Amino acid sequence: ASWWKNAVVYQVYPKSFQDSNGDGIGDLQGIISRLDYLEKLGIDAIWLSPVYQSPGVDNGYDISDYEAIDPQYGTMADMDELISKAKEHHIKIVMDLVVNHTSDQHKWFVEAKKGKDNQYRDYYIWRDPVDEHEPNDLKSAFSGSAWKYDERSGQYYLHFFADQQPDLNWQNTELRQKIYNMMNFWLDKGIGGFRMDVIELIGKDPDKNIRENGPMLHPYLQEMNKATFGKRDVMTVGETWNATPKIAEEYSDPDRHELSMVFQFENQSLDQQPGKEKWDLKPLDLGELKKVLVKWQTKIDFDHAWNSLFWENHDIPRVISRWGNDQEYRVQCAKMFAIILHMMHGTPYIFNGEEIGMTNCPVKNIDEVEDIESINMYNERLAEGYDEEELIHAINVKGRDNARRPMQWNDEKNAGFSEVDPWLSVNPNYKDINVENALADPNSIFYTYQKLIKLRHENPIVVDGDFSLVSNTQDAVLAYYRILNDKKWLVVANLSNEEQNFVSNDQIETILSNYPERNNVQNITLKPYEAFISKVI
């Protein structure tokens, strides 16, 4: 069985993980210095967000050199040492592959910008104006048009992200091969695989207003697989915001020779108004969350596909703050989310700080925000006459900076992340929420995660068991079996902050709970966020 089926992946956001040299920015030696901790937790691979040379307009996802380490993280020697040291701790390094677009400071674009007959011109996507305006109405994810005018040539170039992230032309065969060759450079270094940034965009065909899920998407990924990682025994996970369960199978079916799995984001729109943006808020309906969770467990054919499982990453807020309670039920709520996900079918991903229940970090004004996405939304909506208080509130609920606050190691200055002012200020709640405190408390969120990881590593039912929904529970209660041959485990979870009834004729032996353990479930009242795992007898 391929190693990643059994694995738990941990995402490190490098700028915010551990400063080791006093500039307020997390770095590679800092990550190296925390490998003992990650081994204690028991994770098998680190997904490392981008550490390549980058002007930082999108905090590293605007890459100016794919094969150089940005000096704010250290050197290639530091990258090699992390790979080697991590391996000694039984941890593989999964690099973030960002090949839909480059920095506008990438040599290819510096060249292409020179003019229509530059050899690199066709590495990007250039179009004449139409009727003295943009070629079409495609929008950037950071507000405004996806088309940026270039004065010297009189053409627009495409960018689905920042102006400074010009989109690469995947129809260009010379460029595809250079990308493959670059991927092989990294693969040859002994990395455990790639997390593939917005990889669903590479079939884009803007002339036909095609963005995600374009015709050439899967043909390109099959070509890519053959040319690069196809025989390598690495994990590839595509970031696919617009994947359905069927599309996820197309990406992950081993007989299609594409990727290992994909990140799907179906649940993200559950708390926004239909037909609008994530900034247009609406309360989450727990029943809808339940349905989405269940859909991805039951409608994926695991004989011909795989599945990733996550709550958090560098682009989305902390799950306990967003959809749960991060105040007096913080510990129970965090444990509930961990339990219900890690007993699901698929490979789990833990975002740095999730394992201690790090929360959102609210701001009072825009000068406390750094992320281009939030700032650009704020400025456009302010100009359009939206209520400024509600804009701040929208950032507090959906802003990506909530995910990017410095990792909280202890109760020292800046939570032990740095001895100087961090690039982005530490969440004031670090005094009570930090790794040192969590390790000292056996009832902490950290030991729940550690235990869930151990259970997965040591029990095939967690890895390969079928998922079967317990029928006819309340909308706010998610309960399900994992079933492997004659063995059957029951997971019962209250998704809500209020008491819920649960009824079952199963006889059980409890394995793990976030409340005192029960010895039956005949007719019970679940406490807020109460969640537990039981062997069914």
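Residue indices: 1-based, along the sequence shown.
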Original post:
So which stretch wins on mean C-alpha B-factor, 349-357 or 294-302?
Top reply: 294-302
**OP:** Using the B-factors recorded in the PDB entry, average over the C-alpha atoms of 390-398 and of 110-118, then report which stretch comes out higher.
**Re:** 110-118
Original post:
Going by the entry, which of 163, 132, 128, 253 has the most elevated CA B factor?
Top reply: 132
Original post:
Which of these has the highest Cα B-factor in the record: 502, 61, 66, 47?
Top reply: 502
**OP:** Can you work out whether the C-alpha temperature factor of residue 367 puts it in the lowest, middle or highest third of the chain?
**Re:** highest
Original post:
Lowest, middle or highest third: where is residue 81 by Cα B-factor in its chain?
Top reply: middle
Subject >> Assigned third (lowest, middle, highest) for the C-alpha B factor of residue 149 >> reply: middle
Original post:
Of the three thirds of its chain by CA temperature factor, lowest, middle or highest, which one includes residue 230?
Top reply: middle
Subject >> residue 487 CA temperature factor, ranked by third within the chain >> reply: highest
